[PDB]
Amino acid sequence: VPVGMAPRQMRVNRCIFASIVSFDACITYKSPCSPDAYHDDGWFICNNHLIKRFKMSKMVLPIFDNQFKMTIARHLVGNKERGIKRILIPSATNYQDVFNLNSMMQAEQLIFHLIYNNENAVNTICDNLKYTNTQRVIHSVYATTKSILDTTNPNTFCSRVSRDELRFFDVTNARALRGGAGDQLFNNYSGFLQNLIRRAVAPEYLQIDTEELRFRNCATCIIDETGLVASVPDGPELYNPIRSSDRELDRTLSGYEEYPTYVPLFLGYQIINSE
Amino acid sequence: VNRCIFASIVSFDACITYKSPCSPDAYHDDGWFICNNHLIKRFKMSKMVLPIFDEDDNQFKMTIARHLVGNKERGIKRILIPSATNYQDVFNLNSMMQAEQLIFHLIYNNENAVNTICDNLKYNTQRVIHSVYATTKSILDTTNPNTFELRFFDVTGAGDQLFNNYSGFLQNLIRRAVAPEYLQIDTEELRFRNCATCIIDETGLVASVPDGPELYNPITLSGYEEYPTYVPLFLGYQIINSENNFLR
Amino acid sequence: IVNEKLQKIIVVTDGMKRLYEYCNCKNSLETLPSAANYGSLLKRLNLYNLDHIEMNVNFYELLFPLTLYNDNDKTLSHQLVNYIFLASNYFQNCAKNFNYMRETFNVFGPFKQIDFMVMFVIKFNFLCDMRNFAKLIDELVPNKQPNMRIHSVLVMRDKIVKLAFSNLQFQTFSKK
Amino acid sequence: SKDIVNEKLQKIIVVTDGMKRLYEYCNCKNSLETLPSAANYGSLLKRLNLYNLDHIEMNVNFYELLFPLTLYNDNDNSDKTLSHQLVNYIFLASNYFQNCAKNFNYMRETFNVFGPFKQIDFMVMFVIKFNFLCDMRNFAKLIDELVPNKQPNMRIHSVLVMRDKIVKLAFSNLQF
Ligand SMILES: [Zn+2]
Ligand SMILES: [Zn+2]
């Protein structure tokens, strides 16, 4: 009756939060992960976790005859959102404030600590989980998260991340004073954090050798000490009609390739050349 | 039944050509008075719309056009809608039919050229040209406000003055294509763009930006949707008066 | 000589400000030079013929000395790049609207050397901003033994600026 | 305008006449036939070493340097080979500059052999530009003072633009 041949190879979930599992062997849990996590793309977070935690949704910008489609994310911050709500991606100095770690799974708390370093909290959690099976879950969660972090780890080799590109997403607003520092903080930003920022935020301009292509004449988001902020640089926030997740005129107006209502992420110049 | 400016070009002559190059959207009785083919081939624009939001369940398909001008065009090549002072220059009056030349002369207030062409064409041609006059003038009057919402194109008024200088049909075309970066919905101002995508000036409408280079606009992430790369037209500040969710 | 260029830039800028009795470095600029700020500068320039005016800036070499500053600590590593992109955009706009710039400056007391005047005001405003940045970074020590990898960005933006000035020159020459 | 450009042409003639004896070089036998060699400037290099040479631009404004020559009485309708000669001259100037930029290092070793001094990075360019300007003076001698106030020539201007773009890119590529 029973049938079996041999061990099999299957797909791989590439989102970090897929490793989230209840620390309970007696109480099963399954994390909500979008099937997109099974695409061998730069995205190391699934659309579900991205929207849930960073308020961002994946998108593709098909730049072209020489069409080189590139990844991009878009705002999900309401127009009336303010202050901490505007921090699209928190920094290591504020992620604890932005994320209610106390109200989420301790595995998720450990994962976020790993993303934002916080090795002290990481060690505290490991000790608590060890001095109580739970050691096996320590192994699984920490190993997966650290594997992904080292994989991203743009400031190393053997990782398949650095393309020798010199994107400057700290490019000046052109009216601020001598400043920026977004790339300084980026240098400090964790490897997965930096790669997530790269993939999500498309450059305002694309610089190719002696060619500069312009895609957005005003940045849609900024980077500061708090991290990535979904704020219009020049003040009055763009309207964001949040629809899901979390008349007769139109009928007359049949399909006309209606423009999307979203606000993609545009910031910086992306510099690539033949040298 | 359809509507298309320059589709009124009847074969008044036996001279060069005519085949009725009219996009099927002319049948779409939208707020436009011109269809896709003519719009594209005379102003480098493509018809488009835009929903807004379901907070109050409005989701109105805001009318808007798409730039068809790359970042390498300059001067005339970048002018979208010419002024009465430059439409003759930008348009190859020697290429299009005298019917379309008459249409341009009328819409730009060049009745001198209108009558010149009429007199020349007189030597059934006259009656056909009169039919062209009837159709074109009917369209122009329909667009003309002078008959039986603070859409500022300068506040985000020299720009509004230029827009007013445009004819009724031309003003309708401008307001249908351009989309204010700001729209007030009766006491709630909403910003939809942080920057402009076109500029109105003495020459007319230009696919330009306030500063920097021109927006790039050319002619394996299979598991994700796409975001359009083209640049829609955006300029101005519009205010909706004391009116409800006027989905009428 | 790989370091004297910076101090000589300081000295020559000071001497030119002396020669033309104008040192209005206060009006830092990021959009476009205007006669509203440089009208008196135009009048001062009219005193002496502006024959020695170049249609380019030599972006790369011009800004190269700024790299010499020691940024071991980062501040310069990013502020300088910000400045590079800012200068690139500034020159882009200047060349793109040079005709507009010159009509404006000419409307301010038309000068026979209007093109020289516009070019000189562009150069002078850029030099003022550069000297302000140099004061911002005067604490750091300029020296040789460089290894930046951002001077590649400098080269790229310099090529872009040179092409912009090239289009400007073609327009000016071709229009008789 | 183009009157100022005519002034530029006369000024460059007179200023070449001036410095060729203020510094008594006039290596006026040489031309743009190929890459210059220090063997024809040894003593001139010695005299150059007497001055600090960092006051030089890495790039060459090939545009403004050559545009004044484009102003001539082409309306004579007697020598179109004159215009063709000008086209040849400008193209060969562009090739000369391109080769100088490409082999600038090679000339650097050449002048290391001849006067091994730190200022060689500028001496190479000074030799290049001075030989070029001697060639310009000889070309001016060849041509007649038929400079009009204004003259349009689309073909010559286009050749200028396309060749100088290569020239400027090559010069910009001189990294350090
Ligand atoms: Zn997932
Ligand atoms: Zn039609």
# chains A, B, ... in the order shown; residues from 1 in each chain; ligands from 1
>>> select_by_dssp(residues="stretch 47-154 of chain B", states="alpha helix (DSSP H)", output="JSON, numbers by chain")
{"B": [87, 88, 89, 90, 98, 99, 100, 101, 102, 103, 104, 105, 106, 107, 111, 112, 113, 114, 115, 116, 117, 118, 119, 120, 121, 125, 126, 127, 128, 129, 130, 131, 132, 133, 134, 135, 136, 137, 138, 139, 140, 141, 142, 143]}
>>> residues_near_ligand(ligand="ligand 2", cutoff="8 Å", atoms="only C-alpha atoms and all ligand atoms", output="short mmCIF file (atom, residue, chain, number, x, y, z; two decimals) with N, CA and C atoms, in the first residue's frame")
data_model
loop_
_atom_site.label_atom_id
_atom_site.label_comp_id
_atom_site.auth_asym_id
_atom_site.auth_seq_id
_atom_site.Cartn_x
_atom_site.Cartn_y
_atom_site.Cartn_z
N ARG B 3 -17.14 60.92 -32.68
CA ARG B 3 -16.68 62.30 -32.63
C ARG B 3 -15.17 62.32 -32.77
N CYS B 4 -14.68 63.07 -33.75
CA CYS B 4 -13.24 63.19 -33.97
C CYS B 4 -12.97 64.47 -34.75
N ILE B 5 -12.21 65.38 -34.15
CA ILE B 5 -11.71 66.52 -34.90
C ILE B 5 -10.75 66.03 -35.97
N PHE B 6 -10.80 66.65 -37.14
CA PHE B 6 -10.08 66.30 -38.35
C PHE B 6 -10.68 65.08 -39.03
N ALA B 7 -11.64 64.39 -38.41
CA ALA B 7 -12.39 63.36 -39.12
C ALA B 7 -13.42 63.97 -40.05
N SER B 20 -9.69 58.61 -43.85
CA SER B 20 -10.35 58.64 -42.55
C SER B 20 -9.51 57.94 -41.49
N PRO B 21 -8.32 58.47 -41.16
CA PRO B 21 -7.50 57.88 -40.08
C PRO B 21 -8.01 58.28 -38.69
N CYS B 22 -9.05 57.58 -38.24
CA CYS B 22 -9.73 57.89 -37.00
C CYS B 22 -9.72 56.66 -36.10
N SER B 23 -9.23 56.83 -34.88
CA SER B 23 -9.22 55.73 -33.92
C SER B 23 -10.65 55.39 -33.51
N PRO B 24 -10.92 54.12 -33.19
CA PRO B 24 -12.29 53.73 -32.83
C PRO B 24 -12.81 54.42 -31.58
N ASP B 25 -11.93 54.96 -30.74
CA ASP B 25 -12.38 55.63 -29.53
C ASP B 25 -13.19 56.89 -29.84
N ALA B 26 -13.15 57.37 -31.09
CA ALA B 26 -14.02 58.48 -31.47
C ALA B 26 -15.48 58.15 -31.17
N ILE B 34 -11.56 64.66 -29.56
CA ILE B 34 -10.57 64.14 -30.49
C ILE B 34 -10.25 62.71 -30.07
N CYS B 35 -9.98 61.85 -31.05
CA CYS B 35 -9.74 60.45 -30.77
C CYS B 35 -8.24 60.17 -30.71
N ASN B 36 -7.91 58.91 -30.45
CA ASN B 36 -6.53 58.55 -30.14
C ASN B 36 -5.60 58.80 -31.32
N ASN B 37 -6.00 58.40 -32.53
CA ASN B 37 -5.12 58.55 -33.68
C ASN B 37 -4.75 60.01 -33.89
N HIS B 38 -5.76 60.88 -33.95
CA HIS B 38 -5.51 62.29 -34.20
C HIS B 38 -4.72 62.91 -33.06
#
>>> residues_near_ligand(ligand="ligand 1", cutoff="10 Å", atoms="only C-alpha atoms and all ligand atoms", output="ChimeraX atom specification")
/A:13-20,31-38,44-50
>>> interface_residues(of="chain A", to="chain C", cutoff="10 Å", atoms="only C-alpha atoms", output="JSON, numbers by chain")
{"A": [166, 167, 168, 169, 170, 171, 172, 173, 174, 175, 176, 177, 178, 179, 180, 181, 182, 183, 184, 185, 187, 207, 208, 209, 210, 211, 212, 269, 271, 272, 273, 275]}
>>> closest_residue(among="A:123, A:118, A:244, A:270", to="chain B", atoms="only C-alpha atoms")
A:244
>>> select_by_dssp(residues="stretch 22-194 of chain B", states="strand (DSSP E)", output="PyMOL selection string")
chain B and resi 45-50+62-67+79-82+182-184+189-191
>>> write_last_selection(atoms="N, CA and C atoms", output="mmCIF file, in the first residue's frame")
data_model
loop_
_atom_site.group_PDB
_atom_site.id
_atom_site.type_symbol
_atom_site.label_atom_id
_atom_site.label_comp_id
_atom_site.auth_asym_id
_atom_site.auth_seq_id
_atom_site.Cartn_x
_atom_site.Cartn_y
_atom_site.Cartn_z
ATOM 1 N N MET B 45 0.394 62.770 -27.840
ATOM 2 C CA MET B 45 -0.277 62.408 -26.604
ATOM 3 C C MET B 45 -1.086 61.137 -26.816
ATOM 4 N N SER B 46 -1.352 60.444 -25.711
ATOM 5 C CA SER B 46 -2.187 59.252 -25.714
ATOM 6 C C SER B 46 -3.225 59.380 -24.611
ATOM 7 N N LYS B 47 -4.480 59.103 -24.952
ATOM 8 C CA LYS B 47 -5.568 59.248 -23.996
ATOM 9 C C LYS B 47 -5.406 58.264 -22.842
ATOM 10 N N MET B 48 -5.777 58.706 -21.644
ATOM 11 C CA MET B 48 -5.683 57.869 -20.457
ATOM 12 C C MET B 48 -6.612 58.439 -19.394
ATOM 13 N N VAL B 49 -6.858 57.642 -18.357
ATOM 14 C CA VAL B 49 -7.686 58.040 -17.230
ATOM 15 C C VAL B 49 -6.999 57.601 -15.942
ATOM 16 N N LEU B 50 -7.609 57.948 -14.806
ATOM 17 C CA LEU B 50 -7.004 57.649 -13.514
ATOM 18 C C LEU B 50 -8.046 57.599 -12.399
ATOM 19 N N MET B 62 -10.141 59.890 -13.488
ATOM 20 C CA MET B 62 -9.689 61.223 -13.865
ATOM 21 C C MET B 62 -9.042 61.195 -15.241
ATOM 22 N N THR B 63 -9.517 62.067 -16.125
ATOM 23 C CA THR B 63 -8.994 62.124 -17.482
ATOM 24 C C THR B 63 -7.566 62.651 -17.485
ATOM 25 N N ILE B 64 -6.719 62.041 -18.312
ATOM 26 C CA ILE B 64 -5.324 62.456 -18.412
ATOM 27 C C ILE B 64 -4.700 61.858 -19.664
ATOM 28 N N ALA B 65 -3.720 62.551 -20.231
ATOM 29 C CA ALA B 65 -3.002 62.080 -21.402
ATOM 30 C C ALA B 65 -1.593 61.651 -21.016
ATOM 31 N N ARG B 66 -0.977 60.870 -21.897
ATOM 32 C CA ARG B 66 0.369 60.358 -21.691
ATOM 33 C C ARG B 66 1.342 61.078 -22.612
ATOM 34 N N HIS B 67 2.491 61.462 -22.065
ATOM 35 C CA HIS B 67 3.542 62.035 -22.889
ATOM 36 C C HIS B 67 4.005 61.019 -23.922
ATOM 37 N N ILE B 79 7.392 70.737 -27.970
ATOM 38 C CA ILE B 79 6.108 71.414 -27.839
ATOM 39 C C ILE B 79 4.993 70.423 -28.140
ATOM 40 N N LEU B 80 4.050 70.297 -27.208
ATOM 41 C CA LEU B 80 2.907 69.407 -27.388
ATOM 42 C C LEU B 80 1.761 70.119 -28.095
ATOM 43 N N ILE B 81 1.266 71.198 -27.499
ATOM 44 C CA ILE B 81 0.193 72.009 -28.059
ATOM 45 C C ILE B 81 0.790 73.368 -28.419
ATOM 46 N N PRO B 82 0.857 73.733 -29.694
ATOM 47 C CA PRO B 82 1.423 75.033 -30.056
ATOM 48 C C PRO B 82 0.431 76.162 -29.842
ATOM 49 N N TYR B 182 -2.371 69.234 -7.704
ATOM 50 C CA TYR B 182 -3.206 69.410 -6.529
ATOM 51 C C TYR B 182 -4.661 69.492 -6.957
ATOM 52 N N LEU B 183 -5.534 68.840 -6.197
ATOM 53 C CA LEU B 183 -6.967 68.902 -6.455
ATOM 54 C C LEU B 183 -7.680 69.046 -5.122
ATOM 55 N N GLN B 184 -8.467 70.104 -4.979
ATOM 56 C CA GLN B 184 -9.306 70.258 -3.804
ATOM 57 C C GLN B 184 -10.678 69.673 -4.099
ATOM 58 N N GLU B 189 -7.870 69.593 0.373
ATOM 59 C CA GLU B 189 -6.868 69.648 -0.682
ATOM 60 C C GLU B 189 -6.037 68.374 -0.668
ATOM 61 N N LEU B 190 -5.926 67.723 -1.825
ATOM 62 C CA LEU B 190 -5.161 66.496 -1.968
ATOM 63 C C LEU B 190 -4.059 66.712 -2.992
ATOM 64 N N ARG B 191 -2.839 66.333 -2.626
ATOM 65 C CA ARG B 191 -1.705 66.359 -3.535
ATOM 66 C C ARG B 191 -1.525 64.974 -4.136
#
